[PDB]
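Below you will find one chain, with nothing else, as structure tokens; this is the form solved without N-methylpyrimidine-2-carboxamide (8RY), and questions on how it binds or moves follow later.
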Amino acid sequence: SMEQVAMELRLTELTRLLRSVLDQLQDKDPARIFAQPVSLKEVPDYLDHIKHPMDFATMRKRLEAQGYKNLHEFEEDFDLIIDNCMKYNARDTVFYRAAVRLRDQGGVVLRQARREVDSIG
């Protein structure tokens, strides 16, 4: 149907926007602390601590499969990245501090994106 095609055009557009958002957000992590999933080989106990790991590459896999139906879902994953980091890592560490910086720098990008998704529909 043409109704179905139109929904698919809107999902595709959402995806194009969300890639721009992801690239913008990934630029606020120059160190690439959040670029890949935590290694279970290099932190074996990780899953005892964090129930829902998240990372930019996993967000990207999902994105290219148009797996994000709206901005809320993408926002939930981005927040997982930050929130997992601030639980596992202590306040004085380079990791915790990179999370905080990403949260703050990211909150701008997501403030305007939320307007662009409403504004463009």
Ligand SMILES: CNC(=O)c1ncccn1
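Residues carry their position along the shown sequence, with the first being 1.
This next part talks about the form deposited with N-methylpyrimidine-2-carboxamide (8RY) bound, which is not shown.
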Residue contact check: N89 to N-methylpyrimidine-2-carboxamide (8RY) in the deposited complex, 4.5 Å heavy atom: yes
Proximity of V38 to N-methylpyrimidine-2-carboxamide (8RY) in the deposited complex, heavy atoms at 4.5 Å: yes
Heavy atom of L63 within 4.5 Å of N-methylpyrimidine-2-carboxamide (8RY) in the deposited complex: no
Residue contact check: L71 to N-methylpyrimidine-2-carboxamide (8RY) in the deposited complex, 4.5 Å heavy atom: no
